[PDB]
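Heads up: the structure comes next, in structure tokens.
Numbers and lists here come from the model and the stated rules, or from a named source; no laboratory instrument gave them. Cβ sites come from the backbone with ideal geometry, for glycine too, and all protein chains shown count toward neighbours.
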Ligand code: CLA
Ligand code: CLA
Ligand code: CLA
Ligand code: CLA
Ligand code: HEC
Ligand SMILES: CC1=C(/C=C/C(C)=C/C=C/C(C)=C/C=C/C=C(C)/C=C/C=C(C)/C=C/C2=C(C)CCCC2(C)C)C(C)(C)CCC1
Ligand SMILES: CC1=C(/C=C/C(C)=C/C=C/C(C)=C/C=C/C=C(C)/C=C/C=C(C)/C=C/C2=C(C)CCCC2(C)C)C(C)(C)CCC1
Ligand SMILES: CC1=C(/C=C/C(C)=C/C=C/C(C)=C/C=C/C=C(C)/C=C/C=C(C)/C=C/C2=C(C)CCCC2(C)C)C(C)(C)CCC1
Ligand code: OEX
Ligand SMILES: [Cl-]
Ligand SMILES: [Cl-]
């Protein structure tokens, strides 16, 4: 169970990486 | 039933004299005339049933016997302990300084 | 002395600058 | 023809015993007067078999194959010793010395690493009576000592040892010791092994012989921590005989 | 447009003052060669091995055959004095030309002579200066061959009988040997060109590079760069500097490894034992000591189940045990007499170890290249007493640091050359900002 | 050591190797004189 | 504490006669020990054979006894094994073997006395440290 | 419009969400290979005989590790600096036992990271920027070369390179301190100064700018909304900031030139980290930290201990214990 | 391994409770604009 927990959290961060890059709030000049 | 044989051996004559069947060779430096020549011979010709057997080591000069004779009283023998004699440990037991 | 020579050598340098600054040269 | 060091190095050939040509089917005669020695004995294993644990009643286990994971570090070589003639015509080889051990780790199906001390230490192997000639049907059978895979100074990962180390589980200061006794008290096994050398090739000119070997020994017991496995080893050997 | 701290950048288009700088700076380099040698000689004491004494120039000279005899004994110090003096004197000549061109000579050269003058963007003129310098360098490499083959020879650590000066009469010409070093892997047991282990190969490689350098020098005076080359490079002085910084960096790293692993052209008699060498030597020392006491070193199982003294390498070769198992690719003159075809031969080990090999192992073991920055010899927990740091640690560390910074210099000037060449090394034009004319990423 | 006929120059030679470092220092005295121009 | 004449007084021979070193001698012997001996014997141990050290008690049990100026001087000229049975000049620096151990070439008879005296004085100053190894650093 | 020119134009396109470029042609694969092998090894690799003594070390979650203790374990001491790709093993089982994944990962990662630095130059050029951000990144990258490659070269073995683990990182630095007394090495001291000072100056600059933001928002909204992306006016008042900081110390200890200030921000940590990378890289060749062991003695010749001697006692306890079954001879020369 | 069995609900709530609070706040921001 502890192995599953560690890998789950890791997996969740990688998925967060994907959304933060590709589905970020786009920066718009002024 | 489960005992540490090396601890157990510290409770024998081994723990107090040079055991001709078990003690590492650097202990022969504690008394004069024994190291390296005689100490080499004693270790190679182990085991011994008695401390007096050492004197019948083929090839002793009369000077060597007299050194052994002087020193008999610092010697002992106990049963060979595999844990102390395997591995070459009577020539190098991994202790230096 | 080693501290004697290295003082004559070490003064050589700043002396070249000094001579040229006090004779307005191509510094 | 022979090879230099720089020819061998890196090839794996350093781990291989010398072969004899397939024409080497002669015989080497023995003069019970003369005395002989094995000047070079080389054992090269090719196969490692471990007995499994069959759990149920009277099934008895099988010798299953294993994968070697420690690479070309397995051969015994440079072994030497008396080759004696006995009253009854048998020959007895007494091992004096040589590179007579290699630690080996093989892996079983399922991932289990099984280490072992592949050895012929103190080997005494004897032939049949009335030899008078070493032929392509001579058999040596013998037995040897298998000392503990680790020797007495070896420290386990919590620092416990036989000739050194802690004598308790120092990280569990107030734990019940009884349950830990098997792991806290190191002991040093010394068991026997058994080997058969089967001569298949003989060069009557040079004294060289070559054949096949099978030995049987125990694996590592981790200084009494667990029960050993039974191990079977097959390979090829080479020896050189000399008048002594 | 440069500040005092980028002040030499002002010399880029001043070819005469820039000659002054380069030639004055060559004189500092020759000066140091000169002075350091005289210093090393003034301090040198021949009863002591060089490597107990802080020497790094004298060992380079000794290695070329001068001043030494059998076994590296120093026989005659006068060649050392000569090398330092001549370098020293020659640095005043370089100093003179140097400051003359930097202060009083023509500021630019291109008006005074179309030959010595240059424009960085003259791809033909740049390749001609390169070609001249290649030829010079090819000559340089042949001078080593000439020494080895006609003027005395070179020190050969591998010479039978302890090492000696030896004339090289059959240099290796076989391109499969010479260029085959260039194709060995840099990894363990291979070592790329650092594995070169005999003077025949050393001398033949220098024949090759001498000719190749002359060929290419000649080539580049006669040609101009082809069009692919024209379109691949930046053509500016700072870009050319950046290329050479890259190369010097690479070369420095190679030298670091050379002095650390190679005991052929960095003989250990002179530079001390290598790290691998010293580690091997300790296993030899205690193997010898213990066998004299009666240990059977081949059958002695160590605590791990591996041999205490001897084990197998991953490909079978009999090798020293303990941690020095990592160092079995080591080869050296004191150890090779024990190698059979399968590695260390156990019968030679029992029977043919010589006093001189026992001495050498003890000496190398006790002069392992470990030491503190204040020159306390030995492991980092050792007490004060021995004043020693191996020349190999000094030469490895120093040149790793210079190699490192010259790679940084390459990046600095390569990046800047690219930007200056395109016109934005001074910043973004507010009115033409490239990004403001691109579509947004999202 | 040095040949005996140059013996007289020992302590000068002990100092010689340091001289290239002084050229670097001398460039900073120069710039101080002219005011870091 | 200081380097008094008592500490500087060491046995000259087995017969029991003694000799009092000057401080100059002691300091010179220390320097010569560093020059010729410390690469193997730093701290009174023996890096290439740790079973034999330079503690006075070990030297007293050596054959020819070496716990004295004469024993040590002789050892530096013609070293033996600990039991006296074999000469070891071929692998141990000595005047007998200065051909192959060139640091011994420039050593005078009084240098050897200084070296010998330093060896005998030092355990009186440092005690267990001298020849004790890393455990006492 | 030629097929190869089209590819070249996609490779260097400034309109890709992540820039590829030529350095990236090498970086993408080698980083993917390193990352995938690492994730799988950290989770499921079996124990690795790091010191070549048939004493395998468990590093993966499935064999009893947690996040803090897990590691991809360095390759076996028996291999040394030999190259151990997969295809040099008899089986993957063997390659796993001997630490092959570690070699795969570190060689791909070092390549990919080196190309990362080049990619930084490259896009700077395509965007019309100045070039030297990659020079700043050379400080971290040199540091990774030190502990993954240079130190293993000098000591003779990838088994002494830094483990890819949190606790293995600590093992590495403890054993480095006993074998090299790195704390007493001035280049480590400068790296501490680059890293403490970088954090200090990070805080300073962020607080001074934050201190002098111009009122653009109400109490009920984040002041961040007072800056709009790509506005031309500065959002803080550096003359107000200079006026505070120069009175906090004295006038000429404060920057009034933003360009010098930010250059200083860049220079200080980059250079201290260069030196500390150089520190590891030169201790790779055993030019160790200062040794003041028994440097003070009294008139008799008694040792008078200093704090350096106390350090030495600790260092000894690290020396005598590390790799406790791996040494047969008295000196740990590598 | 003989881990603390509550380590799991400790970990689950540690992730879940603060995460849900951020998600709630973000979704109600988006449906303001
Ligand atoms: C190897 C080091 C080196 C060398 C060779 C040079 C060389 C040069 N520099 Mg650079 N420079 C250096 C280091 C160096 N610099 C460093 C470290 C800095 C930073 C402090 C600078 C900063 C700098 C600036 C700011 C400028 C230069 C300039 C110049 C050039 C003109 C000098 C001039 O007119 O001064 C005149 C100086 C003098 C008249 C003073 C005396 C100098 C003499 C040569 C001292 C020699 C002493 C020696 C013992 C004599 C032995 C003689 C014997 C051999 C006969 C010259 C080619 C200038 C330039 O580019 O012009 C366009 C310029 O503007 N340099
Ligand atoms: C690579 C370095 C270099 C370069 C490119 C130049 C280039 C030049 N110099 Mg400078 N110069 C140098 C080094 C250099 N010099 C040195 C070292 C000194 C001091 C010894 C001088 C002193 C000097 C003066 C005093 C003058 C020049 C002038 C000139 C120009 C005319 C050359 C001419 O007509 O001679 C044609 C060539 C020769 C006469 C050379 C003859 C053959 C040479 C001497 C032998 C080859 C040397 C050998 C390869 C290596 C040295 C040996 C060593 C390893 C032991 C030219 C731009 C003149 C100038 O600027 O005009 C006003 C001028 O008046 N030079
Ligand atoms: C370029 C190849 C090359 C190589 C591999 C060597 C190698 C060696 N030389 Mg030789 N040497 C060379 C060129 C070379 N030298 C040249 C041109 C000269 C004349 C200047 C000499 C003069 C010379 C002398 C006088 C002596 C040596 C010595 C030595 C040995 C020890 C020094 C050392 O470690 O350097 C290591 C080598 C290097 C750091 C050079 C590496 C070059 C790399 C592999 C190629 C770089 C290419 C470059 C970036 C350009 C690219 C062009 C681009 C368009 C592609 C060593 C075996 C010593 C010796 O042999 O003692 C007996 C000695 O005393 N050499
Ligand atoms: C200092 C040395 C030097 C320098 C700086 C140059 C510089 C130059 N050469 Mg010249 N050259 C030299 C020496 C040198 N050359 C010598 C000695 C020879 C004789 C063989 C030549 C032969 C030569 C020819 C025949 C040609 C040039 C050309 C050129 C130009 C293009 C170079 C180029 O594209 O390289 C970049 C290199 C490449 C794109 C491919 C190099 C491939 C190598 C082998 C890969 C190795 C990489 C690896 C990491 C390194 C490890 C070593 C490895 C071999 C194991 C350039 C002006 C070209 C030109 O325009 O001439 C008019 C050309 O066609 N050169
Ligand atoms: C510098 C001149 C010295 C001096 C004064 C001594 N040594 Fe050594 N030493 C080394 C080894 C391997 C031994 C043991 C030799 C053996 O018995 O097999 C010794 C022994 C000694 C002793 C005797 C110690 C005792 O208890 O009897 C003495 C007094 C002694 N040495 C003095 C090794 C080395 C070296 C390694 C190369 C070198 C150098 C020295 N010794 C140098 C010196
Ligand atoms: C070989 C020889 C010779 C030669 C010599 C020479 C070559 C010399 C030179 C020299 C020089 C070349 C010198 C120089 C020096 C310099 C110096 C002395 C410097 C110093 C500096 C300083 C002190 C600094 C300060 C400062 C400033 C100024 C500013 C900024 C800041 C500071 C603080 C840094 C002769 C003839 C003798 C003869 C014999 C032999
Ligand atoms: C340009 C410039 C610069 C630089 C400069 C230079 C770098 C210079 C060089 C110079 C040089 C580089 C010099 C040289 C000199 C040398 C000399 C002058 C020498 C002499 C010698 C002698 C005198 C000898 C003698 C002897 C003998 C013979 C024997 C032995 C002993 C003796 C040593 C005594 C600067 C930066 C500052 C500034 C700016 C400009
Ligand atoms: C002498 C000798 C020898 C030999 C040597 C040789 C013969 C050498 C060679 C060497 C060589 C033969 C080298 C080569 C190199 C090259 C290089 C180094 C390259 C470079 C490249 C680059 C740099 C590129 C770049 C680029 C790209 C890639 C893309 C496009 C752009 C550019 C152009 C940038 C020996 C070892 C035997 C021994 C000892 C001595
Ligand atoms: O592997 Mn990781 O560690 Ca550098 O020393 Mn030697 O080796 Mn081992 O011992 Mn301490
Ligand atoms: Cl450890
Ligand atoms: Cl070891």
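Quick notes on this structure:
- Taking (1) out of contact with any helix residue (DSSP H, G or I) (no Cβ under 7 Å at 6 or more places or on another chain); (2) within 16 Å of ligand 11 (Cβ to nearest atom) in turn, residue H:299 satisfies each apart from (2).
- Subset of the stretch H:231-273 (residues that are surrounded by 10 or more Cβ atoms within 10 Å (Cβ to Cβ) and assigned to a loop (DSSP other than H, G, I, E, B)): H:231, H:234, H:235, H:237, H:254, H:255, H:256, H:257
- Test for residue D:53: is it within 14 Å of chain E (Cβ to nearest Cβ), farther than 27 Å from residue D:203 by Cα and in a loop (DSSP other than H, G, I, E, B): no
- Residue within the stretch E:323-339 that is out of contact with any helix residue (DSSP H, G or I) (no Cβ under 6 Å at 6 or more places or on another chain), more than 28 Å from residue G:100 (Cα to Cα), surrounded by fewer than 24 Cβ atoms within 10 Å (Cβ to Cβ) and within 14 Å of chain D (Cβ to nearest Cβ) present: yes
- Residues in the stretch G:45-70 that are assigned to a loop (DSSP other than H, G, I, E, B) and more than 13 Å from chain B (Cβ to nearest Cβ): G:68 alone.
- Test for residue H:97: is it within 13 Å of chain E (Cβ to nearest Cβ), in a helix (DSSP H, G or I) and closer than 28 Å to residue I:2 by Cβ: yes
- Residue in the stretch E:201-218 that is within 30 Å of residue G:100 (Cβ to Cβ), part of a helix (DSSP H, G or I) and under 19 Å from the mean Cα position of the chain (by Cα) present: yes
- In this structure, residue H:144 qualifies as surrounded by fewer than 19 Cβ atoms within 10 Å (Cβ to Cβ) and either more than 9 Å from chain E (Cβ to nearest Cβ) or within 11 Å of the chain's Cα centre (by Cα) (or both).
- Failed item in (1) surrounded by 19 or more Cβ atoms within 10 Å (Cβ to Cβ); (2) touching a residue at least 60 places away in the same chain (Cβ under 8 Å), with residue E:421 passing the rest: (1)
- No other residue among D:71, D:40 is surrounded by 15 or more Cβ atoms within 10 Å (Cβ to Cβ), closer than 23 Å to residue D:205 by Cα and in the same structural domain as residue D:101 (by CATH) apart from D:40.
- Odd one out for residue H:329, checked against (1) more than 16 Å from ligand 11 (Cβ to nearest atom); (2) over 30 Å from residue H:199 (Cβ atoms); (3) within 12 Å of chain E (Cβ to nearest Cβ); (4) not in a helix (DSSP H, G or I): (1)
- Tabulated pairs, the stretch H:172-184, first farther than 17 Å from residue E:374 by Cβ and in contact (Cβ under 8 Å) with a residue 24 or more places away in the chain, second part of a loop (DSSP other than H, G, I, E, B) and within 16 Å of ligand 4 (Cβ to nearest atom), C-beta under 6 angstrom, 6+ apart or interchain: none
- Number of residues in the stretch E:291-317 that are more than 21 Å from residue D:146 (Cα to Cα) and either more than 10 Å from chain D (Cβ to nearest Cβ) or in contact with a helix residue (DSSP H, G or I) (Cβ under 7 Å, 6 or more places away or on another chain) (or both) equals 7.
- Selected residue (criterion: nearest to residue G:84 (Cα to Cα)) from residues of the stretch G:22-44 that are within 7 Å of another protein chain (Cβ to nearest Cβ) and over 11 Å from the mean Cα position of the chain (by Cα): G:40
- Selection within the stretch H:280-315 - closer than 25 Å to residue H:147 by Cβ and more than 10 Å from chain E (Cβ to nearest Cβ): H:280
- Residue that is farthest from residue G:80 (Cα to Cα) [pool: residues in the stretch B:1-30 that are more than 14 Å from chain D (Cβ to nearest Cβ), out of contact with any strand residue (DSSP E or B) (no Cβ under 7 Å at 6 or more places or on another chain) and surrounded by 17 or more Cβ atoms within 10 Å (Cβ to Cβ)]: B:21
- Within the stretch H:71-91, considering residues that are out of contact with any helix residue (DSSP H, G or I) (no Cβ under 7 Å at 6 or more places or on another chain) and not in a loop (DSSP other than H, G, I, E, B), the one nearest to the other protein chains (Cβ to nearest Cβ): H:88
- Within the set G:126, G:107, G:120, G:112, the sole residue that is under 17 Å from the mean Cα position of the chain (by Cα) and in a loop (DSSP other than H, G, I, E, B) turns out to be G:107.
- All of H:326, H:314 fail the test of being closer than 25 Å to residue H:80 by Cα and within 16 Å of ligand 10 (Cβ to nearest atom), apart from H:326.
- Answer residue from the stretch G:79-125, given it is in contact with a strand residue (DSSP E or B) (Cβ under 7 Å, 6 or more places away or on another chain) and more than 19 Å from residue E:358 (Cα to Cα) and is surrounded by the fewest Cβ atoms within 10 Å (Cβ to Cβ) among those: G:121
- Qualifying residue in the stretch D:203-218 (condition: more than 23 Å from residue D:17 (Cβ to Cβ), under 29 Å from the mean Cα position of the chain (by Cα) and within 11 Å of chain B (Cβ to nearest Cβ)): no
- Given (1) within 14 Å of another protein chain (Cβ to nearest Cβ); (2) touching a residue at least 60 places away in the same chain (Cβ under 8 Å); (3) closer than 30 Å to residue H:90 by Cβ, index of the condition residue D:38 fails: (3)
- Residue match in the stretch E:360-372 (condition: crowded, with 18+ Cβ neighbours inside 10 Å, within 14 Å of chain H (Cβ to nearest Cβ) and in contact with a strand residue (DSSP E or B) (Cβ under 6 Å, 6 or more places away or on another chain)): yes
- Of residues in the stretch D:169-212 being free of Cβ contacts under 8 Å to residues at least 40 places away in the same chain and within 20 Å of residue D:128 (Cα to Cα), the one surrounded by the fewest Cβ atoms within 10 Å (Cβ to Cβ): D:212
- In the set E:103, E:129, only one residue is within 16 Å of ligand 4 (Cβ to nearest atom), part of a helix (DSSP H, G or I) and more than 28 Å from residue E:332 (Cα to Cα); that residue is E:129.
- The set of residues in the stretch E:102-121 being more than 15 Å from ligand 6 (Cβ to nearest atom), over 29 Å from residue E:224 (Cα atoms) and touching a residue at least 24 places away in the same chain (Cβ under 8 Å) consists of E:105 alone.
- Any chance residue E:242 is within 16 Å of ligand 4 (Cβ to nearest atom), within 12 Å of another protein chain (Cβ to nearest Cβ) and buried (at least 20 other Cβ atoms within 10 Å of the Cβ): yes
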